[PDB]
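Asks: What follows is a single structure, and I will ask about it in a moment.
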Amino acid sequence: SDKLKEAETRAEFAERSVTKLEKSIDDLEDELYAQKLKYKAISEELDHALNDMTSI
Amino acid sequence: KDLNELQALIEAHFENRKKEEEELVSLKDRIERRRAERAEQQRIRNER
């Protein structure tokens, strides 16, 4: 009985940890996507600048 | 010719980083595919 209780507690702890880790990794992926979006926006602005500089 | 070679390499690294950005976008897309598949399989596990 003692061993079973220990195992059950370990399982609950690990499950909660996996839930937190999944949420955190999803949030960080969202943040990376946002920063990539900003980089792409300024890169397209610079590409337009280069297109005009082709006439420069 | 300096300006010519420089603008040439400029457009060149433009294209290179552009391909890299395309690859990274495809990476993000398959990443979201992975998010969705993990979500559905996790949800199935949790349902059971």
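Asks: Give the cross-link partners of residue A:38 among the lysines, using a straight C-alpha distance below 26 Å as the criterion and excluding same-chain residues fewer than 8 apart.
Replies: A:23, B:18, B:19, B:28
Asks: Can you check how the C-alpha radius of gyration of the protein assembly as shown compares to 2.2 N^0.38 Å, as a plain ratio? Display every interim value, and only then the final one.
Replies: Numbers: Rg = 23.6 Å, N = 104, 2.2 N^0.38 = 12.8 Å.
Dividing the Cα radius of gyration by 2.2 N^0.38 Å gives 1.84.
Asks: For chain B, take the convex hull of the Cα atoms, compute a quarter of its surface area, and give me that in nm², please.
Replies: Values: hull surface 11.7 nm².
The directionally averaged projection comes out at 2.9 nm².
Asks: Continuing with this model, one more query. Between segment A:1-47 and chain B, how many Å separate their Cα centres?
Replies: 19
Asks: Give the Rg (one decimal place) followed by the Dmax (whole number) of chain A, computed from C-alpha coordinates and expressed in Å.
Replies: Here Rg and the maximum Cα pair distance are 24.3, 81 Å.
Asks: Moving on. Across segment B:20-27, in residue order, what do the Karplus-derived ³J(HN,Hα) couplings come to in whole Hz, using 6.51 cos²θ - 1.76 cosθ + 1.60 with θ = phi - 60° and x for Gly and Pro?
Replies: Using θ = phi - 60°, the values come out as 4, 5, 4, 4, 5, 5, 4, 4 Hz.
Asks: Can you tell which of A:21, A:37, A:46 shows the greatest fluctuation in a Gaussian network model of chain A with Cα springs below 10 Å?
Replies: Greatest mean-square fluctuation among the candidates belongs to A:46.
Asks: What angle do you read, to the nearest 10 degrees and between 0 and 90, between the alpha-carbon axis of helix A:2-54 and the longest principal axis of chain A?
Replies: Relative to chain A, helix A:2-54 is tipped by roughly 0 degrees.
Asks: Once both labels are modelled 7 Å past Cα along the beta-carbon direction, what's the residue B:32-residue B:15 spacing in nm?
Replies: Distance between the two pseudo-spin positions: 2.9 nm.
Heads up, the Cβs are rebuilt from the backbone with ideal geometry, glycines too, and the neighbour counts pull from every protein chain shown. Values quoted throughout were computed directly from the atomic coordinates according to the rules given, and no laboratory measurement underlies them.
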